[PDB]
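Text of target_0.txt (compact mmCIF, N, CA, C and O atoms) as supplied:
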```
# COMPACT_ATOMS: atom_id res chain seq x y z
N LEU A 964 -22.22 22.86 50.72
CA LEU A 964 -22.69 21.60 50.16
C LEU A 964 -23.36 21.81 48.80
O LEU A 964 -23.17 21.01 47.88
N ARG A 965 -24.15 22.88 48.67
CA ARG A 965 -24.78 23.17 47.38
C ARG A 965 -23.74 23.45 46.30
O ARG A 965 -23.86 22.99 45.16
N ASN A 966 -22.70 24.22 46.65
CA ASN A 966 -21.64 24.49 45.68
C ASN A 966 -20.94 23.21 45.25
O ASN A 966 -20.66 23.01 44.06
N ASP A 967 -20.67 22.32 46.21
CA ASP A 967 -20.06 21.03 45.87
C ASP A 967 -20.96 20.23 44.94
O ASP A 967 -20.48 19.61 43.98
N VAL A 968 -22.27 20.22 45.21
CA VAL A 968 -23.21 19.49 44.36
C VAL A 968 -23.16 20.02 42.94
O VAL A 968 -23.13 19.25 41.97
N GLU A 969 -23.15 21.35 42.79
CA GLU A 969 -23.12 21.94 41.45
C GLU A 969 -21.85 21.57 40.71
O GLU A 969 -21.89 21.15 39.54
N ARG A 970 -20.69 21.69 41.38
CA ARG A 970 -19.43 21.37 40.72
C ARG A 970 -19.38 19.90 40.31
O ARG A 970 -18.93 19.56 39.21
N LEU A 971 -19.87 19.01 41.18
CA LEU A 971 -19.80 17.59 40.87
C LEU A 971 -20.81 17.17 39.80
O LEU A 971 -20.56 16.21 39.07
N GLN A 972 -21.94 17.88 39.68
CA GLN A 972 -22.81 17.66 38.53
C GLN A 972 -22.12 18.08 37.24
O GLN A 972 -22.19 17.38 36.21
N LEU A 973 -21.45 19.24 37.27
CA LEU A 973 -20.65 19.65 36.12
C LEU A 973 -19.60 18.60 35.77
O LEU A 973 -19.29 18.43 34.58
N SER A 974 -19.07 17.90 36.76
CA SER A 974 -18.16 16.79 36.51
C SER A 974 -18.85 15.56 35.93
O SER A 974 -18.28 14.90 35.05
N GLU A 975 -20.04 15.21 36.42
CA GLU A 975 -20.70 14.00 35.94
C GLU A 975 -21.11 14.13 34.48
O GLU A 975 -21.19 13.12 33.76
N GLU A 976 -21.40 15.35 34.03
CA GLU A 976 -21.69 15.54 32.61
C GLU A 976 -20.51 15.08 31.75
O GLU A 976 -20.67 14.29 30.81
N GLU A 977 -19.31 15.57 32.08
CA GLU A 977 -18.11 15.13 31.38
C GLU A 977 -17.86 13.64 31.58
O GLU A 977 -17.31 12.98 30.70
N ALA A 978 -18.26 13.10 32.74
CA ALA A 978 -18.16 11.66 32.96
C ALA A 978 -18.92 10.88 31.90
O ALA A 978 -18.38 9.96 31.27
N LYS A 979 -20.19 11.25 31.69
CA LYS A 979 -21.00 10.56 30.69
C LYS A 979 -20.43 10.74 29.29
O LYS A 979 -20.39 9.79 28.49
N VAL A 980 -19.98 11.96 28.97
CA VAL A 980 -19.42 12.21 27.65
C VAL A 980 -18.19 11.33 27.41
O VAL A 980 -18.04 10.70 26.35
N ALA A 981 -17.30 11.25 28.41
CA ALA A 981 -16.09 10.45 28.28
C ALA A 981 -16.42 8.97 28.16
O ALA A 981 -15.76 8.24 27.42
N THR A 982 -17.44 8.50 28.89
CA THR A 982 -17.84 7.10 28.78
C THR A 982 -18.31 6.78 27.37
O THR A 982 -17.95 5.74 26.80
N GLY A 983 -19.13 7.66 26.78
CA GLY A 983 -19.56 7.44 25.41
C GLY A 983 -18.40 7.42 24.43
O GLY A 983 -18.34 6.56 23.53
N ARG A 984 -17.46 8.35 24.59
CA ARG A 984 -16.29 8.37 23.71
C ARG A 984 -15.46 7.10 23.88
O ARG A 984 -14.91 6.57 22.90
N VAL A 985 -15.37 6.59 25.11
CA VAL A 985 -14.65 5.34 25.36
C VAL A 985 -15.30 4.19 24.60
O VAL A 985 -14.62 3.38 23.97
N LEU A 986 -16.63 4.10 24.66
CA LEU A 986 -17.32 3.04 23.94
C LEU A 986 -17.05 3.13 22.44
O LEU A 986 -16.75 2.12 21.78
N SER A 987 -17.13 4.34 21.89
CA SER A 987 -16.91 4.52 20.46
C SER A 987 -15.49 4.09 20.06
O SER A 987 -15.29 3.37 19.08
N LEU A 988 -14.49 4.53 20.83
CA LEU A 988 -13.12 4.21 20.48
C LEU A 988 -12.82 2.73 20.68
O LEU A 988 -11.99 2.16 19.95
N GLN A 989 -13.47 2.08 21.64
CA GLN A 989 -13.30 0.63 21.79
C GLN A 989 -13.85 -0.11 20.58
O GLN A 989 -13.23 -1.07 20.09
N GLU A 990 -15.01 0.31 20.08
CA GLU A 990 -15.53 -0.30 18.86
C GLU A 990 -14.58 -0.09 17.68
O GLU A 990 -14.33 -1.02 16.89
N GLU A 991 -14.03 1.12 17.56
CA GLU A 991 -13.06 1.39 16.49
C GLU A 991 -11.83 0.50 16.63
O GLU A 991 -11.29 0.01 15.63
N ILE A 992 -11.37 0.30 17.87
CA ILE A 992 -10.22 -0.57 18.12
C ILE A 992 -10.51 -1.99 17.66
O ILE A 992 -9.67 -2.65 17.05
N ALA A 993 -11.71 -2.49 17.97
CA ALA A 993 -12.07 -3.84 17.55
C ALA A 993 -12.05 -3.96 16.03
O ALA A 993 -11.48 -4.92 15.47
N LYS A 994 -12.64 -2.98 15.34
CA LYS A 994 -12.65 -3.02 13.88
C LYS A 994 -11.23 -3.00 13.32
O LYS A 994 -10.90 -3.75 12.39
N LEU A 995 -10.37 -2.14 13.89
CA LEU A 995 -8.98 -2.07 13.44
C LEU A 995 -8.26 -3.39 13.68
O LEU A 995 -7.42 -3.80 12.87
N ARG A 996 -8.57 -4.07 14.79
CA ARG A 996 -7.93 -5.34 15.08
C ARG A 996 -8.29 -6.40 14.04
O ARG A 996 -7.42 -7.12 13.54
N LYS A 997 -9.58 -6.50 13.70
CA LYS A 997 -9.95 -7.45 12.65
C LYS A 997 -9.32 -7.09 11.30
O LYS A 997 -8.87 -7.98 10.57
N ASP A 998 -9.27 -5.80 10.96
CA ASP A 998 -8.65 -5.41 9.70
C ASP A 998 -7.17 -5.79 9.68
O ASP A 998 -6.66 -6.31 8.67
N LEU A 999 -6.47 -5.56 10.79
CA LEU A 999 -5.05 -5.91 10.87
C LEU A 999 -4.85 -7.41 10.75
O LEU A 999 -3.92 -7.87 10.07
N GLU A 1000 -5.70 -8.21 11.40
CA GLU A 1000 -5.57 -9.66 11.29
C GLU A 1000 -5.80 -10.13 9.86
O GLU A 1000 -5.08 -11.01 9.37
N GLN A 1001 -6.79 -9.56 9.18
CA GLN A 1001 -7.03 -9.93 7.78
C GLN A 1001 -5.83 -9.58 6.91
O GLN A 1001 -5.43 -10.37 6.04
N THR A 1002 -5.25 -8.40 7.12
CA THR A 1002 -4.07 -8.01 6.34
C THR A 1002 -2.90 -8.94 6.61
O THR A 1002 -2.15 -9.30 5.69
N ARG A 1003 -2.71 -9.34 7.87
CA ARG A 1003 -1.65 -10.30 8.20
C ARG A 1003 -1.87 -11.62 7.48
O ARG A 1003 -0.92 -12.22 6.96
N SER A 1004 -3.11 -12.11 7.46
CA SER A 1004 -3.41 -13.35 6.76
C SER A 1004 -3.10 -13.23 5.27
O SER A 1004 -2.53 -14.16 4.67
N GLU A 1005 -3.47 -12.10 4.66
CA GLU A 1005 -3.15 -11.89 3.25
C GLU A 1005 -1.65 -11.91 3.01
O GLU A 1005 -1.17 -12.54 2.06
N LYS A 1006 -0.89 -11.23 3.87
CA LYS A 1006 0.57 -11.22 3.73
C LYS A 1006 1.14 -12.63 3.83
O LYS A 1006 1.99 -13.02 3.02
N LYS A 1007 0.68 -13.41 4.81
CA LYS A 1007 1.18 -14.77 4.96
C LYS A 1007 0.89 -15.60 3.71
O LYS A 1007 1.78 -16.28 3.18
N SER A 1008 -0.35 -15.53 3.22
CA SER A 1008 -0.72 -16.32 2.04
C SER A 1008 0.13 -15.95 0.84
O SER A 1008 0.58 -16.82 0.09
N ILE A 1009 0.37 -14.65 0.64
CA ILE A 1009 1.26 -14.22 -0.43
C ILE A 1009 2.65 -14.79 -0.22
O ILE A 1009 3.34 -15.15 -1.18
N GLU A 1010 3.08 -14.91 1.04
CA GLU A 1010 4.38 -15.50 1.33
C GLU A 1010 4.46 -16.95 0.84
O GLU A 1010 5.42 -17.33 0.17
N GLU A 1011 3.46 -17.77 1.19
CA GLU A 1011 3.52 -19.16 0.72
C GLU A 1011 3.46 -19.24 -0.80
O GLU A 1011 4.16 -20.06 -1.41
N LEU K 964 -27.95 17.12 50.69
CA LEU K 964 -26.81 17.63 49.94
C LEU K 964 -25.61 16.70 50.06
O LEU K 964 -24.87 16.51 49.08
N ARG K 965 -25.40 16.10 51.23
CA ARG K 965 -24.30 15.15 51.40
C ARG K 965 -24.51 13.92 50.53
O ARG K 965 -23.55 13.41 49.93
N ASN K 966 -25.74 13.41 50.47
CA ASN K 966 -26.02 12.28 49.59
C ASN K 966 -25.74 12.63 48.14
O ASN K 966 -25.13 11.84 47.40
N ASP K 967 -26.16 13.83 47.72
CA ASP K 967 -25.88 14.27 46.35
C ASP K 967 -24.38 14.36 46.10
O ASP K 967 -23.90 13.93 45.05
N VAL K 968 -23.64 14.92 47.06
CA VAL K 968 -22.19 15.05 46.91
C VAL K 968 -21.54 13.68 46.77
O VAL K 968 -20.66 13.49 45.93
N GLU K 969 -21.96 12.71 47.58
CA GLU K 969 -21.38 11.38 47.51
C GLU K 969 -21.65 10.73 46.16
O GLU K 969 -20.73 10.18 45.52
N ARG K 970 -22.90 10.79 45.70
CA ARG K 970 -23.23 10.18 44.41
C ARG K 970 -22.47 10.84 43.27
O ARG K 970 -21.92 10.16 42.39
N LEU K 971 -22.40 12.17 43.27
CA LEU K 971 -21.73 12.86 42.18
C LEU K 971 -20.22 12.71 42.27
O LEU K 971 -19.54 12.77 41.24
N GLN K 972 -19.67 12.48 43.46
CA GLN K 972 -18.25 12.17 43.58
C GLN K 972 -17.95 10.78 43.01
O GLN K 972 -16.91 10.57 42.38
N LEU K 973 -18.86 9.83 43.23
CA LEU K 973 -18.72 8.54 42.56
C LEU K 973 -18.75 8.72 41.04
O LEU K 973 -17.96 8.09 40.32
N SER K 974 -19.64 9.59 40.56
CA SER K 974 -19.68 9.85 39.12
C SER K 974 -18.39 10.53 38.64
O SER K 974 -17.94 10.29 37.51
N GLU K 975 -17.79 11.37 39.47
CA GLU K 975 -16.51 11.99 39.12
C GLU K 975 -15.39 10.96 39.05
O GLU K 975 -14.50 11.05 38.19
N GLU K 976 -15.40 9.98 39.96
CA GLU K 976 -14.46 8.87 39.86
C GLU K 976 -14.67 8.11 38.55
O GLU K 976 -13.70 7.70 37.90
N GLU K 977 -15.93 7.91 38.17
CA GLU K 977 -16.22 7.31 36.87
C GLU K 977 -15.67 8.17 35.73
O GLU K 977 -15.20 7.65 34.72
N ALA K 978 -15.72 9.50 35.89
CA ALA K 978 -15.15 10.40 34.89
C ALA K 978 -13.66 10.18 34.74
O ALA K 978 -13.13 10.11 33.62
N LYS K 979 -12.95 10.08 35.86
CA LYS K 979 -11.51 9.84 35.81
C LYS K 979 -11.20 8.49 35.17
O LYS K 979 -10.26 8.37 34.35
N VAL K 980 -11.97 7.46 35.52
CA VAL K 980 -11.78 6.14 34.92
C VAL K 980 -11.99 6.21 33.42
O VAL K 980 -11.22 5.63 32.64
N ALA K 981 -13.03 6.91 32.98
CA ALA K 981 -13.31 7.03 31.55
C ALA K 981 -12.23 7.81 30.83
O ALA K 981 -11.90 7.51 29.68
N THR K 982 -11.66 8.83 31.49
CA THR K 982 -10.56 9.57 30.87
C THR K 982 -9.34 8.68 30.67
O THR K 982 -8.71 8.69 29.60
N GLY K 983 -8.99 7.90 31.70
CA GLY K 983 -7.90 6.95 31.53
C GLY K 983 -8.17 5.95 30.43
O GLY K 983 -7.29 5.64 29.61
N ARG K 984 -9.40 5.44 30.38
CA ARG K 984 -9.77 4.47 29.35
C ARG K 984 -9.67 5.08 27.96
O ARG K 984 -9.17 4.43 27.04
N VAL K 985 -10.13 6.32 27.79
CA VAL K 985 -10.12 6.93 26.47
C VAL K 985 -8.68 7.20 26.03
O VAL K 985 -8.35 7.04 24.85
N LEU K 986 -7.81 7.59 26.96
CA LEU K 986 -6.40 7.76 26.61
C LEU K 986 -5.79 6.44 26.16
O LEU K 986 -5.09 6.37 25.14
N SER K 987 -6.07 5.36 26.91
CA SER K 987 -5.54 4.05 26.54
C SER K 987 -6.06 3.61 25.18
O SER K 987 -5.32 3.03 24.37
N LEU K 988 -7.34 3.87 24.90
CA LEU K 988 -7.93 3.45 23.63
C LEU K 988 -7.37 4.26 22.47
O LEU K 988 -7.19 3.73 21.38
N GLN K 989 -7.09 5.55 22.69
CA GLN K 989 -6.42 6.33 21.65
C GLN K 989 -5.04 5.77 21.35
O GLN K 989 -4.64 5.65 20.18
N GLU K 990 -4.29 5.41 22.40
CA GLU K 990 -2.97 4.82 22.18
C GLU K 990 -3.07 3.51 21.41
O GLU K 990 -2.28 3.26 20.48
N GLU K 991 -4.03 2.67 21.77
CA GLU K 991 -4.20 1.40 21.06
C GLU K 991 -4.67 1.62 19.63
O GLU K 991 -4.30 0.85 18.74
N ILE K 992 -5.46 2.66 19.38
CA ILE K 992 -5.85 3.01 18.02
C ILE K 992 -4.62 3.35 17.19
O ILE K 992 -4.46 2.88 16.06
N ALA K 993 -3.73 4.17 17.76
CA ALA K 993 -2.50 4.51 17.05
C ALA K 993 -1.66 3.27 16.77
O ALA K 993 -1.14 3.10 15.66
N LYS K 994 -1.53 2.39 17.76
CA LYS K 994 -0.74 1.18 17.58
C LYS K 994 -1.32 0.29 16.49
O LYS K 994 -0.59 -0.24 15.64
N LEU K 995 -2.65 0.11 16.51
CA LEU K 995 -3.29 -0.73 15.50
C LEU K 995 -3.14 -0.13 14.11
O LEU K 995 -2.91 -0.86 13.14
N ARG K 996 -3.27 1.19 13.99
CA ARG K 996 -3.10 1.83 12.69
C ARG K 996 -1.68 1.64 12.17
O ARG K 996 -1.48 1.33 10.99
N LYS K 997 -0.68 1.80 13.04
CA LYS K 997 0.70 1.59 12.63
C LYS K 997 0.93 0.15 12.18
O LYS K 997 1.57 -0.10 11.15
N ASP K 998 0.43 -0.81 12.96
CA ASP K 998 0.61 -2.21 12.61
C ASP K 998 -0.06 -2.54 11.28
O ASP K 998 0.52 -3.24 10.44
N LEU K 999 -1.26 -2.01 11.06
CA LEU K 999 -1.96 -2.23 9.80
C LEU K 999 -1.18 -1.64 8.63
O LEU K 999 -1.05 -2.28 7.58
N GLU K 1000 -0.65 -0.43 8.79
CA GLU K 1000 0.09 0.21 7.70
C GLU K 1000 1.35 -0.59 7.35
O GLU K 1000 1.63 -0.84 6.17
N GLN K 1001 2.12 -0.98 8.37
CA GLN K 1001 3.33 -1.76 8.09
C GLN K 1001 3.01 -3.12 7.48
O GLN K 1001 3.71 -3.57 6.58
N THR K 1002 1.95 -3.78 7.96
CA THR K 1002 1.59 -5.08 7.39
C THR K 1002 1.16 -4.93 5.94
O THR K 1002 1.52 -5.76 5.09
N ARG K 1003 0.39 -3.88 5.63
CA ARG K 1003 0.00 -3.64 4.25
C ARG K 1003 1.21 -3.38 3.36
O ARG K 1003 1.30 -3.92 2.25
N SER K 1004 2.15 -2.56 3.83
CA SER K 1004 3.35 -2.28 3.04
C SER K 1004 4.16 -3.55 2.81
O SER K 1004 4.65 -3.79 1.69
N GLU K 1005 4.31 -4.38 3.85
CA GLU K 1005 5.06 -5.62 3.70
C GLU K 1005 4.39 -6.56 2.71
O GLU K 1005 5.06 -7.17 1.87
N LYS K 1006 3.06 -6.70 2.79
CA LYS K 1006 2.37 -7.59 1.86
C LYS K 1006 2.46 -7.07 0.43
O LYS K 1006 2.62 -7.86 -0.51
N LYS K 1007 2.40 -5.75 0.25
CA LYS K 1007 2.54 -5.19 -1.10
C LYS K 1007 3.93 -5.45 -1.66
O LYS K 1007 4.07 -5.82 -2.83
N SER K 1008 4.96 -5.26 -0.84
CA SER K 1008 6.33 -5.52 -1.30
C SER K 1008 6.52 -6.99 -1.65
O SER K 1008 7.14 -7.32 -2.67
N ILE K 1009 5.99 -7.89 -0.81
CA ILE K 1009 6.13 -9.32 -1.07
C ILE K 1009 5.40 -9.70 -2.35
O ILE K 1009 5.91 -10.47 -3.17
N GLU K 1010 4.20 -9.15 -2.56
CA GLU K 1010 3.46 -9.43 -3.78
C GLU K 1010 4.21 -8.93 -5.01
O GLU K 1010 4.26 -9.62 -6.03
N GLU K 1011 4.79 -7.73 -4.93
CA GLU K 1011 5.51 -7.19 -6.08
C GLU K 1011 6.75 -8.02 -6.41
O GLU K 1011 7.02 -8.30 -7.59
```
As a first step, turn the structure in this file into structure tokens.
Amino acid sequence: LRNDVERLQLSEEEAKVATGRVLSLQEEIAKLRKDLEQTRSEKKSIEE
Amino acid sequence: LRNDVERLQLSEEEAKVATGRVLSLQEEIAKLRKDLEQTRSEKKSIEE
């Protein structure tokens, strides 16, 4: 049981790290989405 | 020790969920970057 506890703590550390990276990449995705929408609007306006 | 194992196994499940999420977010980052690049190129060509 102690060995299992140690291994799973070693796992939870990576759990927290991965959660933080997920949050960061989600924010980056949101920023990229707004940038893409703005570029699409510019392209459309140039079209008209 | 059993309580610790159960809690840390839940955290390990969170680790797996975060790994899947980070992979999906990386894929969406690539997709957004590609869409932005093509939209920029199209708008530049239309403007020219």
Quiz item: Can you list, as JSON, numbers by chain, every protein, DNA or RNA residue that comes within 7 Å of segment 969-983 of chain K when you count only N, CA, C and O atoms, leaving out same-chain residues fewer than 2 positions away?
Solution: {"A": [968, 971, 972, 974, 975, 977, 978, 979, 981, 982, 984, 985], "K": [964, 965, 966, 967, 985, 986, 987, 988, 989]}
What would the file look like if the residues just selected were written as a PDB file, keeping the file's coordinate frame with N, CA, C and O atoms?
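Okay, out_11.pdb is ready:
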```
ATOM      1  N   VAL A 968     -22.270  20.220  45.210  1.00  0.00           N
ATOM      2  CA  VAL A 968     -23.210  19.490  44.360  1.00  0.00           C
ATOM      3  C   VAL A 968     -23.160  20.020  42.940  1.00  0.00           C
ATOM      4  O   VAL A 968     -23.130  19.250  41.970  1.00  0.00           O
ATOM      5  N   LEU A 971     -19.870  19.010  41.180  1.00  0.00           N
ATOM      6  CA  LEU A 971     -19.800  17.590  40.870  1.00  0.00           C
ATOM      7  C   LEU A 971     -20.810  17.170  39.800  1.00  0.00           C
ATOM      8  O   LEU A 971     -20.560  16.210  39.070  1.00  0.00           O
ATOM      9  N   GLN A 972     -21.940  17.880  39.680  1.00  0.00           N
ATOM     10  CA  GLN A 972     -22.810  17.660  38.530  1.00  0.00           C
ATOM     11  C   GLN A 972     -22.120  18.080  37.240  1.00  0.00           C
ATOM     12  O   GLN A 972     -22.190  17.380  36.210  1.00  0.00           O
ATOM     13  N   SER A 974     -19.070  17.900  36.760  1.00  0.00           N
ATOM     14  CA  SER A 974     -18.160  16.790  36.510  1.00  0.00           C
ATOM     15  C   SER A 974     -18.850  15.560  35.930  1.00  0.00           C
ATOM     16  O   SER A 974     -18.280  14.900  35.050  1.00  0.00           O
ATOM     17  N   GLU A 975     -20.040  15.210  36.420  1.00  0.00           N
ATOM     18  CA  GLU A 975     -20.700  14.000  35.940  1.00  0.00           C
ATOM     19  C   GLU A 975     -21.110  14.130  34.480  1.00  0.00           C
ATOM     20  O   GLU A 975     -21.190  13.120  33.760  1.00  0.00           O
ATOM     21  N   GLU A 977     -19.310  15.570  32.080  1.00  0.00           N
ATOM     22  CA  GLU A 977     -18.110  15.130  31.380  1.00  0.00           C
ATOM     23  C   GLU A 977     -17.860  13.640  31.580  1.00  0.00           C
ATOM     24  O   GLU A 977     -17.310  12.980  30.700  1.00  0.00           O
ATOM     25  N   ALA A 978     -18.260  13.100  32.740  1.00  0.00           N
ATOM     26  CA  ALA A 978     -18.160  11.660  32.960  1.00  0.00           C
ATOM     27  C   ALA A 978     -18.920  10.880  31.900  1.00  0.00           C
ATOM     28  O   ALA A 978     -18.380   9.960  31.270  1.00  0.00           O
ATOM     29  N   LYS A 979     -20.190  11.250  31.690  1.00  0.00           N
ATOM     30  CA  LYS A 979     -21.000  10.560  30.690  1.00  0.00           C
ATOM     31  C   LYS A 979     -20.430  10.740  29.290  1.00  0.00           C
ATOM     32  O   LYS A 979     -20.390   9.790  28.490  1.00  0.00           O
ATOM     33  N   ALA A 981     -17.300  11.250  28.410  1.00  0.00           N
ATOM     34  CA  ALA A 981     -16.090  10.450  28.280  1.00  0.00           C
ATOM     35  C   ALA A 981     -16.420   8.970  28.160  1.00  0.00           C
ATOM     36  O   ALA A 981     -15.760   8.240  27.420  1.00  0.00           O
ATOM     37  N   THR A 982     -17.440   8.500  28.890  1.00  0.00           N
ATOM     38  CA  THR A 982     -17.840   7.100  28.780  1.00  0.00           C
ATOM     39  C   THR A 982     -18.310   6.780  27.370  1.00  0.00           C
ATOM     40  O   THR A 982     -17.950   5.740  26.800  1.00  0.00           O
ATOM     41  N   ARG A 984     -17.460   8.350  24.590  1.00  0.00           N
ATOM     42  CA  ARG A 984     -16.290   8.370  23.710  1.00  0.00           C
ATOM     43  C   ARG A 984     -15.460   7.100  23.880  1.00  0.00           C
ATOM     44  O   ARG A 984     -14.910   6.570  22.900  1.00  0.00           O
ATOM     45  N   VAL A 985     -15.370   6.590  25.110  1.00  0.00           N
ATOM     46  CA  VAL A 985     -14.650   5.340  25.360  1.00  0.00           C
ATOM     47  C   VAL A 985     -15.300   4.190  24.600  1.00  0.00           C
ATOM     48  O   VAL A 985     -14.620   3.380  23.970  1.00  0.00           O
TER      49      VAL A 985
ATOM     50  N   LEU K 964     -27.950  17.120  50.690  1.00  0.00           N
ATOM     51  CA  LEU K 964     -26.810  17.630  49.940  1.00  0.00           C
ATOM     52  C   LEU K 964     -25.610  16.700  50.060  1.00  0.00           C
ATOM     53  O   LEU K 964     -24.870  16.510  49.080  1.00  0.00           O
ATOM     54  N   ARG K 965     -25.400  16.100  51.230  1.00  0.00           N
ATOM     55  CA  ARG K 965     -24.300  15.150  51.400  1.00  0.00           C
ATOM     56  C   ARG K 965     -24.510  13.920  50.530  1.00  0.00           C
ATOM     57  O   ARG K 965     -23.550  13.410  49.930  1.00  0.00           O
ATOM     58  N   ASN K 966     -25.740  13.410  50.470  1.00  0.00           N
ATOM     59  CA  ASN K 966     -26.020  12.280  49.590  1.00  0.00           C
ATOM     60  C   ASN K 966     -25.740  12.630  48.140  1.00  0.00           C
ATOM     61  O   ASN K 966     -25.130  11.840  47.400  1.00  0.00           O
ATOM     62  N   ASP K 967     -26.160  13.830  47.720  1.00  0.00           N
ATOM     63  CA  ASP K 967     -25.880  14.270  46.350  1.00  0.00           C
ATOM     64  C   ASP K 967     -24.380  14.360  46.100  1.00  0.00           C
ATOM     65  O   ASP K 967     -23.900  13.930  45.050  1.00  0.00           O
ATOM     66  N   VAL K 985     -10.130   6.320  27.790  1.00  0.00           N
ATOM     67  CA  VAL K 985     -10.120   6.930  26.470  1.00  0.00           C
ATOM     68  C   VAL K 985      -8.680   7.200  26.030  1.00  0.00           C
ATOM     69  O   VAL K 985      -8.350   7.040  24.850  1.00  0.00           O
ATOM     70  N   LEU K 986      -7.810   7.590  26.960  1.00  0.00           N
ATOM     71  CA  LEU K 986      -6.400   7.760  26.610  1.00  0.00           C
ATOM     72  C   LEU K 986      -5.790   6.440  26.160  1.00  0.00           C
ATOM     73  O   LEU K 986      -5.090   6.370  25.140  1.00  0.00           O
ATOM     74  N   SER K 987      -6.070   5.360  26.910  1.00  0.00           N
ATOM     75  CA  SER K 987      -5.540   4.050  26.540  1.00  0.00           C
ATOM     76  C   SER K 987      -6.060   3.610  25.180  1.00  0.00           C
ATOM     77  O   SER K 987      -5.320   3.030  24.370  1.00  0.00           O
ATOM     78  N   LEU K 988      -7.340   3.870  24.900  1.00  0.00           N
ATOM     79  CA  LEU K 988      -7.930   3.450  23.630  1.00  0.00           C
ATOM     80  C   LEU K 988      -7.370   4.260  22.470  1.00  0.00           C
ATOM     81  O   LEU K 988      -7.190   3.730  21.380  1.00  0.00           O
ATOM     82  N   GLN K 989      -7.090   5.550  22.690  1.00  0.00           N
ATOM     83  CA  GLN K 989      -6.420   6.330  21.650  1.00  0.00           C
ATOM     84  C   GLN K 989      -5.040   5.770  21.350  1.00  0.00           C
ATOM     85  O   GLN K 989      -4.640   5.650  20.180  1.00  0.00           O
TER      86      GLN K 989
END
```
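Relative to atom CA of residue 1005 of chain K, atom CA of residue 990 of chain K is found at 22.7 Å.
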Exercise. Calculate how many Å separate atom CA of residue 1011 of chain K from atom CA of residue 1002 of chain A, rounding to one decimal.
Key: 15.7 Å
Exercise. Can you pull out every residue within 12 Å of residue 996 of chain K, counting only C-alpha atoms, but drop anything in the same chain fewer than 2 positions away, and send it as a ChimeraX atom specification?
Key: /A:991-1000,1002 /K:989-994,998-1003
Quiz prompt | Atom pair atom O of residue 1009 of chain K / atom N of residue 1009 of chain A: separation (Å) | solution =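 That distance, rounded to one decimal, is 7.9 Å.
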